[PDB]
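One chain comes next, on its own, written as structure tokens: the form deposited in one PDB entry.
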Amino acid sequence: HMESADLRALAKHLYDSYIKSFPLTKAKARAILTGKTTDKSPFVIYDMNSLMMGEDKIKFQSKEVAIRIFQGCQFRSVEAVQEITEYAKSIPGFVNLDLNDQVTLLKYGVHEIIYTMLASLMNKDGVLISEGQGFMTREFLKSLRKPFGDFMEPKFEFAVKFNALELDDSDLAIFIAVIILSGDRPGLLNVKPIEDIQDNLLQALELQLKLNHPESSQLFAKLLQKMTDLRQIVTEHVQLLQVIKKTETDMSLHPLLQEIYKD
């Protein structure tokens, strides 16, 4: 049990690190998605022709479109892992944990966080890409061939439901921290100090949601229930990736991701 002032201080700390760690915040993604701004309008990729113009317009190849787009998602997921790793080190107590457990917490946590933060970039019609300079439609992603089309759509299915909670970045900063400090990850050596940190973070989250969303009934519980789903959604993802990996030979996985998916 912490005191209110300590819990608000912890919320403010985590929000600050989150802003420092993640280049594209949910506040900026929503500004882009809502538009009504000449300067932040994305280029929209909705078919083959617009994808080609996008590579010349947005900028920042011998392969089939579905693979090209897959490698774009994995390239960006690897960067996400790096950004999450940097954020986690700022969580008070994280770097003090047993080093193997730091690895284990990141190993089982990054996917759940990527899904969570991917929602920030999504609405029911598509997803921001290339730091918000681009927008790729859900339809175009869903129409990709073989197993790639159905591989993309579940990320959207989760996001629409998650976005209905209407969390902002200051809420997400603590929620992401709670996910990382999960004491039930397989193979953890010292569960107790991880749970002590999470209890502080859960207390921090509970008060943050009560202050930021005072009219949102049992948002804390509903958000914890979302952390339930993610576990199975991540399971379905990893299953699909392994099946695709066997069929598709022109699919490479970044060694960082390769190691994460081992057991």
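In case it trips you up, residue 1 is the first one in the sequence shown, and so on. Think of the rigid core as the biggest set of C-alphas that the two forms share within 1.5 Å after superposition.
In none of the other PDB entries of this protein that model the residues around it does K26 lack coordinates, well short of a third.
Coverage remark for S41: present in the model in all other entries compared whose chains are built on both sides, leaving no third without it. According to the record, the deposited sequence contains 4 to 9 residues between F60 and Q61 that were left without coordinates. Looking at 77-85 and 140-148 together, the entry lists the larger mean B-factor for 140-148, computed on C-alpha atoms.
Checked against the record, the higher mean CA B factor of 101-109 and 184-192 lies with 184-192.
Of the candidates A29, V44, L224, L230, the PDB record gives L230 the highest C-alpha temperature factor. Placement of the Cα temperature factor of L207 within the chain: middle third of the modelled residues, per the deposited record. When the CA B factors of the chain's modelled residues are split into thirds, the value for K12 lands in the lowest one. Sorting the modelled residues of the chain by their CA temperature factor places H254 in the middle third.
Not on display, but discussed next: the form deposited with a partner chain bound.
In short, of 166-174, 119-127, 81-89, 133-141 it is 81-89 that has heavy atoms within 4.5 Å of the partner chain in the deposited bound form. Taking the partner from elsewhere, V110 is found to have a heavy atom lying within 4.5 Å of the partner chain in the deposited bound form.
Once the rigid core is overlaid between the shown form and the other one, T25 does not reach a Cα shift of 2 Å, moving by less than that. The Cα shift for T37 between the shown form and the other one, taken after rigid core superposition, is 2 angstroms or larger. Between this form and the other one, the CA-CA gap for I113 and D250 widens by 3 Å or more, being larger in the deposited bound form.
Distance between the C-alpha atoms of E236 and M251: longer by at least 3 Å in the deposited bound form than in the displayed form.
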